Amino acid sequence: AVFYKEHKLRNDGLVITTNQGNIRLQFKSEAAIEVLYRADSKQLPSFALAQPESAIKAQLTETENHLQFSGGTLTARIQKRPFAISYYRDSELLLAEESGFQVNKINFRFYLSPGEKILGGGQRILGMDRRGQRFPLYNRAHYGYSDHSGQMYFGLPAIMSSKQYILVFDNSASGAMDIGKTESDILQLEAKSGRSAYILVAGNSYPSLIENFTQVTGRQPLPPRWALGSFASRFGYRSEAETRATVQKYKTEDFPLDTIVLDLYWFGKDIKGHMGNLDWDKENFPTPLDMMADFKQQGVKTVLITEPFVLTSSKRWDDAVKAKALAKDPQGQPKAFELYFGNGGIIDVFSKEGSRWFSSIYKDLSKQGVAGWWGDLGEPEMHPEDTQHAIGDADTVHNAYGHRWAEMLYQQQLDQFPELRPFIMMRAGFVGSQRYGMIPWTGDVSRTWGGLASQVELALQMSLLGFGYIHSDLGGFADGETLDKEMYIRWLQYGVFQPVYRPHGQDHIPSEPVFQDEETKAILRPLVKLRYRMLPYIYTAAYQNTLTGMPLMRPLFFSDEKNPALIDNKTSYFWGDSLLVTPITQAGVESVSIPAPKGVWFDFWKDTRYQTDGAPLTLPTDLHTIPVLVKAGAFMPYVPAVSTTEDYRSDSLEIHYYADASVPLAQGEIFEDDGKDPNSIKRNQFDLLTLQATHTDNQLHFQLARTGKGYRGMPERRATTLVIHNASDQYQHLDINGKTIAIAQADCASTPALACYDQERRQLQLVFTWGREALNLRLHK
Ligand SMILES: OC[C@H]1C[C@@H]2N[C@@H]2[C@@H](O)[C@@H]1O
Ligand SMILES: O=C([O-])C(=O)[O-]
């Protein structure tokens, strides 16, 4: 039995007194509110909020039975007796407390509306709509998963509803979520301990909702462009020779390569007993400074794996103990416990001493030539209950360990290299870990079709709640005795159209594309080159992710917000605005049914035009591609393929525009900068190319422009080939900035024509110079 007693308005926050205690309500933006119960007491700080201290002017009004605390779009309605808070966008009911905060265990209970669909929980393989499911909030490995999981590496204490709110349980501790499983109409959140707070964020659309959420939880800083390149990875290169031979293999096989990744053999010859050395094993890596320098000469970066644990058998045990860097038992000694790798402790990233000790190690190695960082096992993979961290016990801090690990490493990399963008790849974090540049992958996936088939679900679930760069170990990671060639190819094809191109697997079967048979390479080589040719498209989606939270992969359901049933789809997704991709996730599939949104669509590979008023499209399949449709009105930008993003140039642009009269107005954007400067967006050191198409019955008009202050090495003038797909055969006239130019109707591929119509392909090609001044191209019948 809970009831209202008193309220004060302090700072700009609303403090309520019930018979149970104090509740602090602070709007963190016009559409987002932090609700802290037990506000009187001392508890862990927020982990989810980018600006935990902030609060903004809200309106407070009072009636007999209710309080009303309102920002821009979001209103908290506080019923007095019984005490229950509910949330409104306009006068639309988002979410109502049931019992709300219970208190002894932390417990929160809310009503679910009938028909409400609930995405969330981070990594699970349960179906996109998680309503009717119950699962723990306890990051934990799921080695060799395939087609089912209620508990994996990276849970999120958050949901997204079909009513277009996000709800965050801002709690770091061992806990659970029950999404109307136990009780049909109840969402319950629970933890053993930790902060008793939740955050509600509203939006008018899924994009707005995501913009609002990243506003208050954190925006991912634009990664270095090289993170969009080809990674060489396995578990693991055993030697400097083997690592050099793999970089060579990429060069001799003519596959693009930006980064080679070194797994745990860089610090010792065995899987067990060396973890915590954090230093080169010189018997097998005798000249690593030279190695890394030699790779940099070929435009190739080195990334090293690190882990939370220091083994008692490692060379750094005594020193970490001496420095007070490890977590302790309640008795005050270094806590040691038996991992797979052996007996060892865990570095306490929540302490001053642990942070400084660990940071200093990353500094030294980074100075030696390491460009980027991989942090494995941050669940933490093993985390005994009575381990003590500076700010709480293992069970209290568990779900925020990797988060703070990232924060630590990020801050360190920014301080060491303020003119570079950190690369931090990790397996486990918390809500908001994207603000530390976290790039997550979906752990030790099995080498099965089921492993592949689950990757879209996982990617979208993570993407929707802040992690644009979620990806998988391409080809699969765990077990297997012999390569499943077809599955491998399918996985590396999907790879091209997902955030991070990183094949990686246990080294009894080759993970890297350069080690595959002739047929496999002949299929993947042009697709990996394609990934580089598409860097303008991807890098611009990345820019929009830094700007607004918009994920690179978007779910089908974005296409129609009034059709909740689309939420179930996890087999087709949008890569950027323009490409609807359907990965093939079983052997020998001969055709697919694609649930294309109403409109006009083109086969990306074959240029076939399709119109649909709702009905799905059947496309055939081949082994050389996977089905990808382009939306009418798309501008697809390309540059020439390079071996490494270090050699990237946009001097030459090739842009393909998919025309259809069904789209009378279309826009595209290309975001160019130096690909490395972390301040480029803030300081406007960029070149933002825009393209606007206007398509009427008798005319097709393109307006081209550039904004921003540019950057060092930016081309003043780009040679631009614009290819118009599905172009009318009736255009008599082109003018470029008012100057008339004849359109040739033959030999388009075989003269240096400025404008040429290919009648057999229905493509009109325009070649021109795109300088800093605005440009209009007008086609007319
Ligand atoms: O470091 C060895 C191995 C085990 C952990 N699953 C991660 C994986 O990426 C890594 O390759
Ligand atoms: O306008 C068009 O595209 C046509 O008529 O071909």
# chains A, B, ... in the order shown; residues from 1 in each chain; ligands from 1
$ select_by_dssp --residues "range 116-308 of chain A" --states "strand (DSSP E or B)" --output "ChimeraX atom specification"
/A:118-122,125,133-137,149,155-161,165-169,175-179,186-191,197-202,230-232,235,259-262,301-306
$ write_last_selection --atoms "C-alpha atoms" --output "compact mmCIF listing (two decimals), in the first residue's frame"
# COMPACT_ATOMS: atom_id res chain seq x y z
CA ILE A 118 7.93 -5.63 -27.14
CA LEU A 119 11.37 -5.71 -28.67
CA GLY A 120 14.32 -5.71 -26.35
CA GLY A 121 16.61 -7.42 -23.89
CA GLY A 122 19.59 -7.04 -26.18
CA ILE A 125 17.34 -15.56 -29.95
CA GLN A 133 9.20 -14.32 -22.56
CA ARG A 134 11.16 -14.10 -19.30
CA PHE A 135 14.95 -14.02 -19.07
CA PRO A 136 17.86 -12.90 -16.84
CA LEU A 137 19.82 -9.67 -16.95
CA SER A 149 19.17 -18.28 -26.62
CA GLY A 155 21.94 -8.24 -22.67
CA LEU A 156 20.44 -4.78 -22.43
CA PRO A 157 18.09 -3.83 -19.54
CA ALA A 158 15.85 -2.09 -22.04
CA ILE A 159 12.84 -2.57 -24.30
CA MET A 160 11.28 -0.86 -27.30
CA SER A 161 7.50 -0.95 -27.58
CA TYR A 165 8.67 4.24 -26.25
CA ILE A 166 11.94 2.90 -24.93
CA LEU A 167 12.09 1.87 -21.27
CA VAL A 168 15.47 1.48 -19.57
CA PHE A 169 16.11 -0.30 -16.25
CA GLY A 175 18.53 -9.27 -12.51
CA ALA A 176 15.71 -10.48 -14.72
CA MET A 177 13.04 -9.31 -17.15
CA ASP A 178 9.55 -10.86 -17.45
CA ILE A 179 7.71 -9.48 -20.46
CA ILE A 186 2.57 -7.45 -16.59
CA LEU A 187 6.04 -6.32 -17.43
CA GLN A 188 8.29 -6.92 -14.43
CA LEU A 189 11.91 -5.79 -13.92
CA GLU A 190 14.02 -7.22 -11.07
CA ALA A 191 17.53 -7.01 -9.62
CA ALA A 197 15.83 3.76 -11.39
CA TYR A 198 14.19 3.60 -14.77
CA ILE A 199 14.20 5.94 -17.78
CA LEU A 200 11.30 6.35 -20.19
CA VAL A 201 12.01 7.85 -23.66
CA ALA A 202 9.24 8.72 -26.17
CA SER A 230 38.31 -5.83 -44.53
CA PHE A 231 39.68 -7.50 -41.43
CA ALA A 232 41.94 -10.49 -41.44
CA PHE A 235 41.70 -17.63 -33.46
CA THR A 259 43.35 -4.51 -40.43
CA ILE A 260 44.81 -7.75 -39.14
CA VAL A 261 43.60 -8.92 -35.71
CA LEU A 262 45.80 -10.80 -33.23
CA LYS A 301 46.59 -1.73 -38.97
CA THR A 302 47.23 -4.13 -36.04
CA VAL A 303 44.57 -4.92 -33.40
CA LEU A 304 45.36 -6.89 -30.26
CA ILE A 305 43.00 -8.83 -28.00
CA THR A 306 43.02 -8.14 -24.30
$ residues_around --residues "range 512-527 of chain A" --least-positions-apart "4" --cutoff "9 Å" --atoms "only C-alpha atoms" --output "PDB file with N, CA, C and O atoms, in the first residue's frame"
ATOM      1  N   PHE A 231      38.850  -6.984 -42.496  1.00  0.00           N
ATOM      2  CA  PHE A 231      39.684  -7.503 -41.431  1.00  0.00           C
ATOM      3  C   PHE A 231      40.108  -8.922 -41.760  1.00  0.00           C
ATOM      4  O   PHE A 231      39.280  -9.774 -42.079  1.00  0.00           O
ATOM      5  N   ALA A 232      41.399  -9.164 -41.587  1.00  0.00           N
ATOM      6  CA  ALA A 232      41.944 -10.494 -41.441  1.00  0.00           C
ATOM      7  C   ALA A 232      41.900 -10.911 -39.960  1.00  0.00           C
ATOM      8  O   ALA A 232      42.546 -10.280 -39.107  1.00  0.00           O
ATOM      9  N   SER A 233      41.169 -11.989 -39.655  1.00  0.00           N
ATOM     10  CA  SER A 233      41.115 -12.475 -38.288  1.00  0.00           C
ATOM     11  C   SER A 233      40.929 -13.982 -38.287  1.00  0.00           C
ATOM     12  O   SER A 233      40.316 -14.525 -39.204  1.00  0.00           O
ATOM     13  N   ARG A 234      41.556 -14.612 -37.284  1.00  0.00           N
ATOM     14  CA  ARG A 234      41.269 -15.960 -36.835  1.00  0.00           C
ATOM     15  C   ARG A 234      41.564 -16.068 -35.324  1.00  0.00           C
ATOM     16  O   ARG A 234      42.051 -15.134 -34.666  1.00  0.00           O
ATOM     17  N   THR A 246      49.817 -13.875 -43.691  1.00  0.00           N
ATOM     18  CA  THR A 246      48.402 -13.644 -43.942  1.00  0.00           C
ATOM     19  C   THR A 246      48.199 -12.280 -44.605  1.00  0.00           C
ATOM     20  O   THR A 246      47.314 -12.136 -45.458  1.00  0.00           O
ATOM     21  N   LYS A 249      49.137 -12.872 -48.005  1.00  0.00           N
ATOM     22  CA  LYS A 249      48.151 -13.663 -48.720  1.00  0.00           C
ATOM     23  C   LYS A 249      47.072 -12.753 -49.284  1.00  0.00           C
ATOM     24  O   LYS A 249      46.602 -12.953 -50.415  1.00  0.00           O
ATOM     25  N   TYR A 250      46.658 -11.747 -48.514  1.00  0.00           N
ATOM     26  CA  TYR A 250      45.679 -10.794 -49.006  1.00  0.00           C
ATOM     27  C   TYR A 250      46.215 -10.039 -50.239  1.00  0.00           C
ATOM     28  O   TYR A 250      45.496  -9.777 -51.214  1.00  0.00           O
ATOM     29  N   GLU A 253      46.498 -12.486 -53.202  1.00  0.00           N
ATOM     30  CA  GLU A 253      45.214 -12.980 -53.682  1.00  0.00           C
ATOM     31  C   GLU A 253      44.329 -11.837 -54.171  1.00  0.00           C
ATOM     32  O   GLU A 253      43.234 -12.068 -54.654  1.00  0.00           O
ATOM     33  N   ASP A 254      44.795 -10.594 -54.047  1.00  0.00           N
ATOM     34  CA  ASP A 254      44.024  -9.450 -54.498  1.00  0.00           C
ATOM     35  C   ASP A 254      42.687  -9.340 -53.765  1.00  0.00           C
ATOM     36  O   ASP A 254      41.667  -9.047 -54.377  1.00  0.00           O
ATOM     37  N   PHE A 255      42.705  -9.503 -52.435  1.00  0.00           N
ATOM     38  CA  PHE A 255      41.591  -9.084 -51.597  1.00  0.00           C
ATOM     39  C   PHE A 255      41.950  -7.842 -50.797  1.00  0.00           C
ATOM     40  O   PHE A 255      42.992  -7.802 -50.170  1.00  0.00           O
ATOM     41  N   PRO A 256      41.055  -6.855 -50.733  1.00  0.00           N
ATOM     42  CA  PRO A 256      41.233  -5.684 -49.872  1.00  0.00           C
ATOM     43  C   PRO A 256      41.472  -6.093 -48.417  1.00  0.00           C
ATOM     44  O   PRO A 256      40.933  -7.113 -47.970  1.00  0.00           O
ATOM     45  N   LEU A 474      32.107 -13.563 -39.162  1.00  0.00           N
ATOM     46  CA  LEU A 474      31.684 -14.009 -40.484  1.00  0.00           C
ATOM     47  C   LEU A 474      32.227 -15.403 -40.790  1.00  0.00           C
ATOM     48  O   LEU A 474      33.400 -15.728 -40.557  1.00  0.00           O
ATOM     49  N   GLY A 475      31.323 -16.254 -41.294  1.00  0.00           N
ATOM     50  CA  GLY A 475      31.645 -17.646 -41.578  1.00  0.00           C
ATOM     51  C   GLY A 475      31.379 -18.565 -40.385  1.00  0.00           C
ATOM     52  O   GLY A 475      31.384 -19.787 -40.527  1.00  0.00           O
ATOM     53  N   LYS A 485      31.189 -25.058 -46.991  1.00  0.00           N
ATOM     54  CA  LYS A 485      31.507 -24.053 -47.993  1.00  0.00           C
ATOM     55  C   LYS A 485      30.311 -23.157 -48.291  1.00  0.00           C
ATOM     56  O   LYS A 485      30.407 -21.928 -48.245  1.00  0.00           O
ATOM     57  N   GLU A 486      29.161 -23.762 -48.566  1.00  0.00           N
ATOM     58  CA  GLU A 486      27.985 -22.986 -48.919  1.00  0.00           C
ATOM     59  C   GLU A 486      27.574 -22.021 -47.810  1.00  0.00           C
ATOM     60  O   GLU A 486      27.103 -20.905 -48.088  1.00  0.00           O
ATOM     61  N   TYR A 488      29.563 -20.819 -45.468  1.00  0.00           N
ATOM     62  CA  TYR A 488      30.622 -19.816 -45.418  1.00  0.00           C
ATOM     63  C   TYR A 488      30.348 -18.705 -46.438  1.00  0.00           C
ATOM     64  O   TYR A 488      30.264 -17.528 -46.084  1.00  0.00           O
ATOM     65  N   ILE A 489      30.102 -19.093 -47.695  1.00  0.00           N
ATOM     66  CA  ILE A 489      29.884 -18.128 -48.758  1.00  0.00           C
ATOM     67  C   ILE A 489      28.674 -17.258 -48.420  1.00  0.00           C
ATOM     68  O   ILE A 489      28.768 -16.026 -48.436  1.00  0.00           O
ATOM     69  N   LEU A 492      29.620 -14.720 -45.675  1.00  0.00           N
ATOM     70  CA  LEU A 492      30.461 -13.629 -46.137  1.00  0.00           C
ATOM     71  C   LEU A 492      29.769 -12.755 -47.183  1.00  0.00           C
ATOM     72  O   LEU A 492      30.199 -11.619 -47.360  1.00  0.00           O
ATOM     73  N   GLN A 493      28.681 -13.229 -47.821  1.00  0.00           N
ATOM     74  CA  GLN A 493      27.874 -12.383 -48.699  1.00  0.00           C
ATOM     75  C   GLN A 493      27.031 -11.432 -47.857  1.00  0.00           C
ATOM     76  O   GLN A 493      26.976 -10.219 -48.103  1.00  0.00           O
ATOM     77  N   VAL A 496      28.854  -8.310 -46.351  1.00  0.00           N
ATOM     78  CA  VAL A 496      29.014  -7.068 -47.096  1.00  0.00           C
ATOM     79  C   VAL A 496      27.971  -6.052 -46.675  1.00  0.00           C
ATOM     80  O   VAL A 496      28.234  -4.851 -46.740  1.00  0.00           O
ATOM     81  N   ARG A 502      34.270  -8.700 -40.727  1.00  0.00           N
ATOM     82  CA  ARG A 502      35.285  -9.374 -39.933  1.00  0.00           C
ATOM     83  C   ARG A 502      35.023 -10.873 -39.838  1.00  0.00           C
ATOM     84  O   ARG A 502      34.415 -11.369 -38.887  1.00  0.00           O
ATOM     85  N   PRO A 503      35.461 -11.652 -40.832  1.00  0.00           N
ATOM     86  CA  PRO A 503      35.482 -13.107 -40.707  1.00  0.00           C
ATOM     87  C   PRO A 503      36.476 -13.543 -39.641  1.00  0.00           C
ATOM     88  O   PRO A 503      37.580 -13.020 -39.560  1.00  0.00           O
ATOM     89  N   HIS A 504      36.074 -14.540 -38.839  1.00  0.00           N
ATOM     90  CA  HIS A 504      36.825 -14.938 -37.651  1.00  0.00           C
ATOM     91  C   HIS A 504      36.350 -16.320 -37.178  1.00  0.00           C
ATOM     92  O   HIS A 504      35.173 -16.542 -37.020  1.00  0.00           O
ATOM     93  N   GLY A 505      37.268 -17.264 -36.984  1.00  0.00           N
ATOM     94  CA  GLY A 505      36.858 -18.586 -36.548  1.00  0.00           C
ATOM     95  C   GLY A 505      38.025 -19.319 -35.925  1.00  0.00           C
ATOM     96  O   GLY A 505      39.161 -18.878 -36.025  1.00  0.00           O
ATOM     97  N   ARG A 531      32.341  -3.990 -51.250  1.00  0.00           N
ATOM     98  CA  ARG A 531      32.223  -3.341 -49.956  1.00  0.00           C
ATOM     99  C   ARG A 531      33.058  -2.060 -49.957  1.00  0.00           C
ATOM    100  O   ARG A 531      32.617  -1.049 -49.441  1.00  0.00           O
ATOM    101  N   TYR A 532      34.265  -2.107 -50.527  1.00  0.00           N
ATOM    102  CA  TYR A 532      35.092  -0.906 -50.639  1.00  0.00           C
ATOM    103  C   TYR A 532      34.521   0.118 -51.621  1.00  0.00           C
ATOM    104  O   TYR A 532      34.568   1.308 -51.365  1.00  0.00           O
ATOM    105  N   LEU A 623      24.446 -18.842 -56.399  1.00  0.00           N
ATOM    106  CA  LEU A 623      25.468 -19.001 -55.383  1.00  0.00           C
ATOM    107  C   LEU A 623      26.369 -17.761 -55.342  1.00  0.00           C
ATOM    108  O   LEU A 623      27.122 -17.586 -54.380  1.00  0.00           O
ATOM    109  N   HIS A 624      26.298 -16.885 -56.366  1.00  0.00           N
ATOM    110  CA  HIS A 624      27.276 -15.808 -56.486  1.00  0.00           C
ATOM    111  C   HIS A 624      26.802 -14.550 -55.751  1.00  0.00           C
ATOM    112  O   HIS A 624      27.627 -13.686 -55.438  1.00  0.00           O
ATOM    113  N   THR A 625      25.507 -14.477 -55.428  1.00  0.00           N
ATOM    114  CA  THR A 625      24.938 -13.318 -54.751  1.00  0.00           C
ATOM    115  C   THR A 625      23.890 -13.748 -53.713  1.00  0.00           C
ATOM    116  O   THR A 625      23.526 -14.929 -53.623  1.00  0.00           O
TER     117      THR A 625
END
$ residues_around --residues "range 207-217 of chain A" --least-positions-apart "5" --cutoff "6 Å" --atoms "only C-alpha atoms" --output "ChimeraX atom specification"
/A:48-50,202,432,548-549
$ closest_atom_pairs --of "chain A" --to "ligand 1" --cutoff "6 Å" --atoms "only C-alpha atoms and all ligand atoms" --output "CSV"
residue,atom,partner,partner_atom_place_in_ligand_line,distance
A:235,CA,ligand 1,11 (O),4.8
A:263,CA,ligand 1,1 (O),5.4
A:264,CA,ligand 1,1 (O),5.4
A:376,CA,ligand 1,7 (C),5.7
A:443,CA,ligand 1,6 (N),5.6
A:444,CA,ligand 1,6 (N),4.9
$ write_last_selection --atoms "N, CA and C atoms" --output "PDB file, in the first residue's frame"
ATOM      1  N   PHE A 235      41.237 -17.234 -34.777  1.00  0.00           N
ATOM      2  CA  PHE A 235      41.699 -17.632 -33.457  1.00  0.00           C
ATOM      3  C   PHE A 235      42.604 -18.823 -33.664  1.00  0.00           C
ATOM      4  N   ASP A 263      44.839 -12.556 -31.871  1.00  0.00           N
ATOM      5  CA  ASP A 263      44.174 -13.209 -30.754  1.00  0.00           C
ATOM      6  C   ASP A 263      45.243 -13.639 -29.741  1.00  0.00           C
ATOM      7  N   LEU A 264      44.851 -14.461 -28.769  1.00  0.00           N
ATOM      8  CA  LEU A 264      45.556 -14.476 -27.493  1.00  0.00           C
ATOM      9  C   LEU A 264      46.948 -15.102 -27.614  1.00  0.00           C
ATOM     10  N   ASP A 376      37.893  -8.983 -25.077  1.00  0.00           N
ATOM     11  CA  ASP A 376      37.141 -10.222 -25.024  1.00  0.00           C
ATOM     12  C   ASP A 376      36.764 -10.515 -23.557  1.00  0.00           C
ATOM     13  N   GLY A 443      29.636 -12.825 -30.283  1.00  0.00           N
ATOM     14  CA  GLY A 443      30.263 -13.925 -29.586  1.00  0.00           C
ATOM     15  C   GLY A 443      30.526 -15.171 -30.438  1.00  0.00           C
ATOM     16  N   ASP A 444      30.623 -16.300 -29.729  1.00  0.00           N
ATOM     17  CA  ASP A 444      31.187 -17.522 -30.246  1.00  0.00           C
ATOM     18  C   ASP A 444      30.123 -18.303 -31.013  1.00  0.00           C
TER      19      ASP A 444
END
$ select_by_dssp --residues "range 372-424 of chain A" --states "alpha helix (DSSP H)" --output "number ranges by chain"
A: 394-397, 401-416
$ closest_residue --among "A:288, A:599, A:710, A:495" --to "residue 553 in chain A" --atoms "only C-alpha atoms"
A:495
$ residues_near_ligand --ligand "ligand 2" --cutoff "6 Å" --atoms "only C-alpha atoms and all ligand atoms" --output "count of residues only"
5
$ residues_around --residues "range 269-279 of chain A" --least-positions-apart "6" --cutoff "10 Å" --atoms "only C-alpha atoms" --output "PyMOL selection string"
chain A and resi 236+238-239+263+304-317+320+339-347+358+361-362+364-365
$ residues_around --residues "residue 700 in chain A" --least-positions-apart "3" --cutoff "10 Å" --atoms "only C-alpha atoms" --output "number ranges by chain"
A: 659, 661, 664-665, 693-697, 727-728, 731, 734, 777-781
$ residues_around --residues "residue 400 in chain A" --least-positions-apart "6" --cutoff "7 Å" --atoms "only C-alpha atoms" --output "ChimeraX atom specification"
/A:172,429-430
$ atom_distance --atom1 "CA of residue 716 in chain A" --atom2 "CA of residue 544 in chain A"
23.8 Å
$ residues_around --residues "residue 611 in chain A" --least-positions-apart "2" --cutoff "10 Å" --atoms "only C-alpha atoms" --output "ChimeraX atom specification"
/A:596-602,609,613-615,617,632,662
$ atom_distance --atom1 "CA of residue 195 in chain A" --atom2 "CA of residue 333 in chain A"
26.7 Å
$ atom_distance --atom1 "CA of residue 323 in chain A" --atom2 "CA of residue 371 in chain A"
26.7 Å
$ closest_residue --among "A:604, A:441, A:501, A:37" --to "residue 229 in chain A" --atoms "only C-alpha atoms"
A:501
$ closest_residue --among "A:635, A:401, A:267, A:280" --to "residue 327 in chain A" --atoms "only C-alpha atoms"
A:401
$ closest_residue --among "A:445, A:196, A:755, A:70" --to "residue 108 in chain A" --atoms "only C-alpha atoms"
A:196
$ decode --residues "range 70-83 of chain A" --atoms "N, CA, C and O atoms" --output "short mmCIF file (atom, residue, chain, number, x, y, z; two decimals), in the first residue's frame"
data_model
loop_
_atom_site.label_atom_id
_atom_site.label_comp_id
_atom_site.auth_asym_id
_atom_site.auth_seq_id
_atom_site.Cartn_x
_atom_site.Cartn_y
_atom_site.Cartn_z
N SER A 70 5.61 17.63 -16.85
CA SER A 70 5.55 17.60 -18.30
C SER A 70 6.74 18.34 -18.91
O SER A 70 7.05 19.46 -18.52
N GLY A 71 7.41 17.68 -19.87
CA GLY A 71 8.34 18.35 -20.76
C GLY A 71 7.73 18.55 -22.15
O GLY A 71 6.56 18.25 -22.37
N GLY A 72 8.54 19.02 -23.10
CA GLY A 72 8.16 19.09 -24.51
C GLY A 72 7.05 18.11 -24.90
O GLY A 72 5.92 18.50 -25.11
N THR A 73 7.38 16.82 -25.05
CA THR A 73 6.42 15.89 -25.63
C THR A 73 5.94 14.86 -24.60
O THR A 73 4.81 14.38 -24.71
N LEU A 74 6.77 14.57 -23.59
CA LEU A 74 6.52 13.53 -22.60
C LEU A 74 5.97 14.13 -21.30
O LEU A 74 6.57 15.06 -20.74
N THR A 75 4.84 13.54 -20.85
CA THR A 75 4.17 13.86 -19.59
C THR A 75 4.14 12.64 -18.65
O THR A 75 3.64 11.56 -19.01
N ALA A 76 4.63 12.86 -17.42
CA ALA A 76 4.45 11.90 -16.34
C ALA A 76 3.18 12.24 -15.55
O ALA A 76 3.04 13.36 -15.06
N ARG A 77 2.25 11.29 -15.45
CA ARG A 77 1.04 11.53 -14.68
C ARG A 77 1.12 10.69 -13.42
O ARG A 77 1.22 9.47 -13.50
N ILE A 78 1.11 11.37 -12.26
CA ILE A 78 1.27 10.73 -10.96
C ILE A 78 -0.09 10.66 -10.26
O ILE A 78 -0.61 11.68 -9.82
N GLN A 79 -0.67 9.45 -10.18
CA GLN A 79 -1.88 9.21 -9.41
C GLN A 79 -1.47 9.12 -7.94
O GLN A 79 -0.43 8.54 -7.63
N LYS A 80 -2.27 9.72 -7.04
CA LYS A 80 -1.86 9.95 -5.66
C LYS A 80 -2.19 8.76 -4.76
O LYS A 80 -1.35 8.32 -3.98
N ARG A 81 -3.42 8.25 -4.89
CA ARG A 81 -3.88 7.15 -4.05
C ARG A 81 -4.66 6.19 -4.95
O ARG A 81 -5.61 6.62 -5.58
N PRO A 82 -4.24 4.91 -5.14
CA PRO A 82 -2.90 4.42 -4.82
C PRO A 82 -1.87 5.13 -5.68
O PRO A 82 -2.19 5.64 -6.75
N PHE A 83 -0.62 5.11 -5.22
CA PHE A 83 0.46 5.75 -5.94
C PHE A 83 0.80 4.94 -7.20
O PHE A 83 1.16 3.77 -7.11
#
